[PDB]
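The working numbering puts the sequence shown at residues 86 to 283.
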Amino acid sequence: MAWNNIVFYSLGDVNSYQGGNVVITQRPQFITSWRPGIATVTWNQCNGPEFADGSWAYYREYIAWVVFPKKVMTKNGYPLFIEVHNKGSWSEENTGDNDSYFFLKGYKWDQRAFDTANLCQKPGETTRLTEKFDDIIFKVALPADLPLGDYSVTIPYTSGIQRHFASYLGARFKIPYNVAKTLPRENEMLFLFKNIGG
């Protein structure tokens, strides 16, 4: 039978971004950057072999993902509205979703390989992802009643690479958006700013 193995490799860094002194009339930016590093399997779906031993052919399709909240609550209970300022070459998808942004970059498809490989690594297993992708710049709308003072806003999000191995040419799979939405959000953007009012 034909088979398809899909594995999601989840990156998990904490990064901070200094917004400095801000007033509510502006929309302060923060930059999220893609950092290659150790990734952990947080999801898979497989019905093919577990291991390729180097002697037979399969096909690769890889897709990078970022799943990012549209809204985050401050510690003192106020909503911050997350807007996309510059997504570069990322594909922004499923835009009707009320809760989350979905950014995808398909960068490998239909690639025949014999490479000795683990074709369905288990949740919790790790690998080093060396791929680099472009930044995404967001902007935040602050609510008019936001109290004055210092803010430290922790924004969890998902980033990682979907690897799809298949027995055949032309294989395509995309993790369902509703599934991507529920994946562990192992990245954090720590957005710091001081509300001066305005």
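Where a beta carbon is used, it is the ideal one built from N, C-alpha and C, also for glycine.
Cβ distance (whole Å) where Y147 is taken to contact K207 below 8 Å: Indexing the sequence shown from 1 puts residue 147 at position 62. Indexing the sequence shown from 1 puts residue 207 at position 122. The C-beta distance from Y147 to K207 rounds to 19 Å, too long to fall under 8 Å, and the pair is not in contact.
Best match in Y262, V99, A87, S95 for proximity to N183 [C-alpha to C-alpha]: For this step, residue 183 is matched to residue 98 along the sequence shown. Among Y262, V99, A87, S95, the Cα nearest to that of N183 belongs to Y262.
Helix, strand or coil at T125 [DSSP, three-state]: On the sequence shown, position 40 is the one that residue 125 refers to. Three-state DSSP puts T125 in a strand.
For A265, the first and last residue of its enclosing alpha helix (DSSP H): Along the sequence shown, read from residue 1 onward, the residue named residue 265 stands at position 180. Taken as a continuous stretch (DSSP letters only), the alpha helix (DSSP H) holding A265 covers 262-267.
Pairwise C-alpha distance: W119 and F218: Within the sequence shown, numbered from 1, the residue matching residue 218 stands at position 133. Within the sequence shown, numbered from 1, the residue matching residue 119 stands at position 34. A straight line joining the alpha-carbon of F218 with that of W119 spans about 6 Å.
8 Å contact criterion, which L254 and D200 should meet: CB distance rounded: As a first step, residue 254 is located in the sequence shown; it is residue number 169 there, counting from the start. As a first step, residue 200 is located in the sequence shown; it is residue number 115 there, counting from the start. At roughly 16 Å, the Cβ-Cβ gap does not stay under 8 Å, so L254 and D200 are not in contact.
Separation of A256 from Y144, as counted between CA atoms: Counting from 1 along the sequence shown, the entry for residue 144 is found at position 59. Counting from 1 along the sequence shown, the entry for residue 256 is found at position 171. Distance between the alpha carbons of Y144 and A256: 8 Å.
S118 - containing beta strand (DSSP E), residue span: As a first step, residue 118 is located in the sequence shown; it is residue number 33 there, counting from the start. Run containing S118: none; DSSP gives neither H nor E here.
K279 and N106 closer than 8 Å at C-beta: Stepping through the sequence shown from its first residue, residue 279 is reached at position 194. Stepping through the sequence shown from its first residue, residue 106 is reached at position 21. Yes. Within cutoff.
Bridge partners - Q111, DSSP secondary structure assignment: Within the sequence shown, numbered from 1, the residue matching residue 111 stands at position 26. Per DSSP, none; premise fails for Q111.
Buried versus exposed call for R248 [16 or more other C-beta atoms within 10 Å across all chains shown]: As a working mapping, residue 248 is identified with position 163 in the sequence shown. Burial call: buried.
C-beta contact flag for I222 and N171 at 8 Å: Translated into positions along the sequence shown, residue 222 becomes position 137. Translated into positions along the sequence shown, residue 171 becomes position 86. Contact: yes.
Proximal residues to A87 (C-beta, below 6 Å), its chain only, five neighbours per side dropped: For this step, residue 87 is matched to residue 2 along the sequence shown. Listed in chain order, the non-local C-beta contacts of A87 below 6 Å within the same chain comprise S252, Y253, local neighbours out to five positions each way being set aside.
Local conformation of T211 per DSSP, three classes: Taking the sequence shown and counting its residues from 1, the one referred to as residue 211 is at position 126. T211: strand per DSSP, three-state reduction.
Residue closest to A202, alpha-carbon to alpha-carbon, out of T159, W141, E178: Reading the sequence shown from its first residue, position 117 is the one you call residue 202. For the residues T159, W141, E178, the minimum Cα distance to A202 belongs to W141.
For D235, the residue or residues it bridges with in DSSP: Along the sequence shown, read from residue 1 onward, the residue named residue 235 stands at position 150. DSSP, once it has assigned bridges, lists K279 as partnering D235.
Per-residue burial, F153 [other beta carbons within 10 Å of its own, 16 or more giving buried]: If you number the sequence shown from 1, residue 153 lands on position 68. Looking at its Cβ environment, which holds 16 or more other Cβ atoms inside 10 Å, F153 is buried.
Stretch-stretch touch, CB-based, cutoff 8 Å, three pairs: the region 230-242 with the region 127-134: With a cut-off of 8 Å, the region 127-134 and the region 230-242 do not count as touching, because too few Cβ pairs lie within range.
Buried/exposed call for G209, threshold 16 Cβ in 10 Å: Position 124 of the sequence shown, counted from the start, is the residue given in the question as residue 209. Burial call: exposed.
With 16 other Cβ atoms within 10 Å as the buried cut-off, status of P113: Here residue 113 is taken as the residue at index 28 of the sequence shown, counted from 1. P113 should be labelled buried.
Nearest candidate by alpha-carbon position, reference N100, set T110, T117, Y163, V151: Walking along the sequence shown from the start, residue 100 turns up at place 15. The shortest Cα separation from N100 among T110, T117, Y163, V151 belongs to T117.
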